[PDB]
Amino acid sequence: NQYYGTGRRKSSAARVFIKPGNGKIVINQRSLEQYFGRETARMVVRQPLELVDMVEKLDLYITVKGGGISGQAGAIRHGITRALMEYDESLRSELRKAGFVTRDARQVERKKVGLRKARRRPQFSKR
Amino acid sequence: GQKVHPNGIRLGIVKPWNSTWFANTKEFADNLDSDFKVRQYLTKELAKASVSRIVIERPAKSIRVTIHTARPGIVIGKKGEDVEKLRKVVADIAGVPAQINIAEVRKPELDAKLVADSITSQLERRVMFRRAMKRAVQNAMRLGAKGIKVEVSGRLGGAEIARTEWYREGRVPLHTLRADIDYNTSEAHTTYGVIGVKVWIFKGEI
Amino acid sequence: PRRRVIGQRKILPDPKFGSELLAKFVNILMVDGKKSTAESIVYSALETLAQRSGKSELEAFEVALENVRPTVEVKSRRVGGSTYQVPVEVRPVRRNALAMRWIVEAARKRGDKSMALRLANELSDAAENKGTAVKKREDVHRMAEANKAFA
Amino acid sequence: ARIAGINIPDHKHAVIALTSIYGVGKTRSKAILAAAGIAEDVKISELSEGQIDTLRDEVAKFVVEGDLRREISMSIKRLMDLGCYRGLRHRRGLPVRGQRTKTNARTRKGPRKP
Amino acid sequence: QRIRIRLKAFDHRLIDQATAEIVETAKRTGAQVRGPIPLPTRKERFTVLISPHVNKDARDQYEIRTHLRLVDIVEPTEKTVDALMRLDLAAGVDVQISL
Amino acid sequence: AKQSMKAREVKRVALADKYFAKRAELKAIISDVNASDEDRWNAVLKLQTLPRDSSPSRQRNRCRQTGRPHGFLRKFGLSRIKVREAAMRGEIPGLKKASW
Amino acid sequence: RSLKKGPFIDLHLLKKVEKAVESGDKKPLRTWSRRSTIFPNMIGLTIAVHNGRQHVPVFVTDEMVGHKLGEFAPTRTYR
RNA sequence: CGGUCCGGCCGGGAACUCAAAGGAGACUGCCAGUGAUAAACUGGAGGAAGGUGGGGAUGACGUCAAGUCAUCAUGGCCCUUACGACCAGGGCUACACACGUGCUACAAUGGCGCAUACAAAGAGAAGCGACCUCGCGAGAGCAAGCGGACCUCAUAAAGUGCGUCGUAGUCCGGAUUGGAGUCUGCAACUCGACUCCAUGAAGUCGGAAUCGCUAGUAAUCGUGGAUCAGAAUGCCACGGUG
Ligand SMILES: [Mg+2]
Ligand SMILES: [Mg+2]
Ligand SMILES: [Mg+2]
Ligand SMILES: [Mg+2]
Ligand SMILES: [Mg+2]
Ligand SMILES: [Mg+2]
Ligand SMILES: [Mg+2]
Ligand SMILES: [Mg+2]
């Protein structure tokens, strides 16, 4: 049976299905390299496989919608770790310390009446 | 500073809507104007019937008015007569067929609208504003209000410089969304212009 | 900061070298939240500096930063109707930040063709302790040693 | 080389150099190098005299330079002689196409006088 | 085939009460029912200046939430059809049937 | 607004439904008909002899309670001021002050 | 400006141009149709084009064809 | 899992994403230090969230005869064959100037070309309008679907890839003007928006002085809405990188 983890960030949400055997990664039917043109973001999906060790140990099959580049990569990061903990849960202490268990709650702040943005205030003239 | 309308802020929380029909954008405006024309009609004809509140809903191709009144016999008239004649002209104004419901206002001195109108009508009679207010407060409390205030504004007693004045007994937590606060309004058209009356009544919480 | 003291956000390390320091650098060079394009310019400048100047990429960085790092500075102050200039001994963490910041600013105020070439030549100049950024440290000291009396 | 303008295009990429002519922006320049049979990123070098006079031939089809300037001035003169709103605007050094003058009409008005 | 009812209203507690009525009625009258499913709420919004003259930054921000329910009825057993079809439902609920 | 300004709208509404519902539609279609009467239609002339107040674009949305030609909202048929006053008394169904 | 299908002109002024043609010219023609397009059959006449307050005599000309009548009747006095 | 038009597409599956109605959860509760064994603070654990977690609504008694008689209402006053009322054209858009708020720039952290990955939130029947076809184009003809988690507006742009320009008033910038057109509308002269061709101003980072912002903020990138026949650089709202 599959071991699963949901992850989300900003307006993104990544589903993450774990199974043993290899260093394979398929996001939205596409390869890790193909999906993310940025190699840094590639590293974050790999991270949950650092403290927790996969080389050719388990398959992660994933998908995601919503948000953008780093939102989708953060969300997948998050969902993997949940799927790792699903597999043991002992692993956590490592994952906690990593900062990877937490759901980063920082959403974009709404645009408010009388202001140019969420906080940017119209330039003030004294006279 | 400016205070938020205490009926408005509590809609959905502890205060009901007075119009509660559904309608798509097509006819929402038409419905809303039709509501205005009926409330206006009824509010005039029943001016001396102590009408405190008119609920309107629109089931299917219908409209049914509920007239909350402290004087039901007046509104109804001998054996249904006055109800009926109202119905026949509501239905005209409304377009669709019409039904009228009548709900007793048991204790009007706890009804902010009839309190406010009562003071309004009293200023027009030439009663003194401190009296009228203070009768309202005293009455409201001896009947079990947790609190009440009534305000009066503009040219009290025909004074050249306009004034605002209020009295307040008991408790009126306006910042408590939980608080059953019954708030309403009335204008006194006097020989020296308009005197606005605001009224708040606290009836307990949740 | 009248009442509320704070800690400081502890940014992730540079993706390539795993350095928090270079993360402080890319961010400082970054503009309009273009992180992707910021680190591209920092590396190519480090790559230009590394390849053809004796390598040791992290160390090359330090040799240059070692030179623009300021030990003391002045903090303006208004006492009895007078704006006195009090020379303050500055703390290590910021010491790096000023050092990095003046290197970045001197790079954009340069004639070369791209920010990467500019950045590279600023580091090189700083590495040999010369150029604008080093000179920024020296003015800080000339200005500091002058008001040595009021420390 | 020189072309209908009797102007001398720079030495560097062709599609941009043709822009040097007056009455030839990018759309014409692209179309001509294409209407000739040349590559757009070629310099004057190797673009031989046989290939340059075959370009003169293609550009010859447009009114350009003195011919175009005359043609442009005369169109303005017309408005002015005609006595219409547009013409009065040209003759009064103010903007022709409706733009405000209470403030900011300054390209047309020229730098300000106190 | 199937009869599906779309329910929309401005008030939620009142909409699913009307939903509850229908489903139960169906379930009792031996109809088979898919749902009720919550279909996304379409909330209009309005921003209006709060002062009668000038003060452009002073505004009220209103919204009307429109709630949606899908009631899907598998078997149209006539008793069910009569059961449903003279139910007494909240006036402020708009009811649509698909056939 | 002025009684006379309100009256003007009603005249305009009436004319718009009388003429520029159907007759103007036909004339517009016929001016617009590419395939036929490319030269002698005369429709463009007749569209002009019609009352101006027959064109719908001549109509202006006004607060139905006061006549205000500014700050109008099609949803309610009112200006923001009367929208709010009706809103706070709870006379606009479904509507309340919203935050998010 | 106007789409190529239809050149615009007020009727009342057009018929005015007709009668002025056949019956020989008169004194100025009084018109408010600043919007109507000048036609070749106006070349010769003098149309008096309103400018808000007065009617400007305009000696129509070959080059005026296609233009608007209002283009020749300044509406704002700038001194 | 069965089936292959390799399309969740049809059987189905009800798991997961999401939808939305109800519920749990966070209280200095726990441990440690500081602090008069106090309140409180600080650090750590557990935890998605830690010290009012983040954002909003919520604005006390009152101050400024502050703003609105032009939203409406209204005391007093004033006009009434005119201060009311109808129509056409014009004006509110003027232009020696000055100030306030903005947009777009001066450029290689960039411009251009080709290719290409990832949003959120709204709007829609006198409406949103696909596909097809014609036009370089704005658009036009033809014509489905949809009162919408179904159809349409609608291809996000930043970014990444390759190539080019090589520090120049330029392959920067787009003002202004000529020519020719599109659509809305009885009607685009005064004064609409947009397109094609040509034009290519000032501007190479702004004196004195001065404003915003403490975190998913600033900065930057696109997206939608109200009003609205048409007319957004304004306003209100949305998420991307950060
Ligand atoms: Mg040129
Ligand atoms: Mg009036
Ligand atoms: Mg209009
Ligand atoms: Mg909930
Ligand atoms: Mg509070
Ligand atoms: Mg005053
Ligand atoms: Mg350009
Ligand atoms: Mg703050």
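A note on names: the letters A, B, ... follow the listed sequences, proteins ahead of strands, and every chain is numbered from 1.
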Shortest non-hydrogen contact from A:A75 to A:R9? CB-N, 3.8 Å
Do H:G145 and H:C128 make a Watson-Crick or G-U wobble pair, both distances under 3.5 Å? yes
Between H:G174 and H:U204, would you say there is a Watson-Crick or G-U pair if both relevant distances must stay under 3.5 Å? no
Is the phosphate of [N] approached by [X] (side-chain N or O, under 4.0 Å from OP1 or OP2)?
{"X": "D:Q99", "N": "H:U176", "result": "yes"}
{"X": "C:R3", "N": "H:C41", "result": "no"}
{"X": "E:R6", "N": "H:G148", "result": "yes"}
{"X": "A:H78", "N": "H:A48", "result": "no"}
{"X": "A:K117", "N": "H:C213", "result": "no"}
{"X": "A:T6", "N": "H:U17", "result": "yes"}
{"X": "F:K82", "N": "H:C72", "result": "no"}

Classified sugar conformation, [N], by whichever sign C1'-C2'-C3'-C4' takes:
{"N": "H:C30", "result": "north"}
{"N": "H:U167", "result": "south"}
{"N": "H:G147", "result": "south"}

What is the nucleic acid contact for [X], judged by heavy atoms within less than 4.0 Å: base, sugar-phosphate only, or nothing?
{"X": "G:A73", "result": "nothing"}
{"X": "C:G33", "result": "base"}
{"X": "E:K43", "result": "sugar-phosphate"}

For [N], the Watson-Crick or wobble counterpart (both distances under 3.5 Å):
{"N": "H:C10", "value": "H:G2"}
{"N": "H:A219", "value": "H:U241"}
{"N": "H:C236", "value": "H:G224"}
{"N": "H:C69", "value": "none"}
{"N": "H:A193", "value": "H:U182"}
{"N": "H:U164", "value": "H:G111"}

Assign H:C171 to syn or anti; the rule is syn for a glycosidic angle within 90° of 0 and anti otherwise. anti
Could you walk me through whether A:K65 and A:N28 pass the side chain to side chain donor-acceptor pair (under 3.5 Å) check? CA-CA 9 Å; A:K65 307 160 175 175; A:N28 289 344; over 6 Å; no
Pair A:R42 + A:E33, salt bridge at N-O below 4.0 Å: yes
With distance as the sole criterion, do the side chain of F:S99 and the base of H:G56 form a donor-acceptor contact below 3.5 Å? yes
Taking N and O atoms by type only, does the side chain of A:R119 place a donor or acceptor under 3.5 Å from a partner on the base of H:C213? no
F:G67 vs C:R9, nearer the 5' end of RNA chain H by closest nucleotide: F:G67
Stacked pair H:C146/H:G147, ring centres under 5.5 Å, planes under 30°: no
Under 5.5 Å between six-ring centres and under 30° between planes, true for H:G206 and H:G207? no
Among G:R34, G:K68, G:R35, whose salt bridge (charged side-chain N to carboxylate O under 4.0 Å, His left out) with G:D10 holds? G:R35
Quick one: are the ring centres of E:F46 and F:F76 less than 6.0 Å apart? yes
Neighbour count >12 (heavy atoms, 6.0 Å) for atom NZ, D:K30: no
Kindly point out which of H:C97, H:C86, H:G55 is positioned nearest to the side chain of F:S4? H:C86
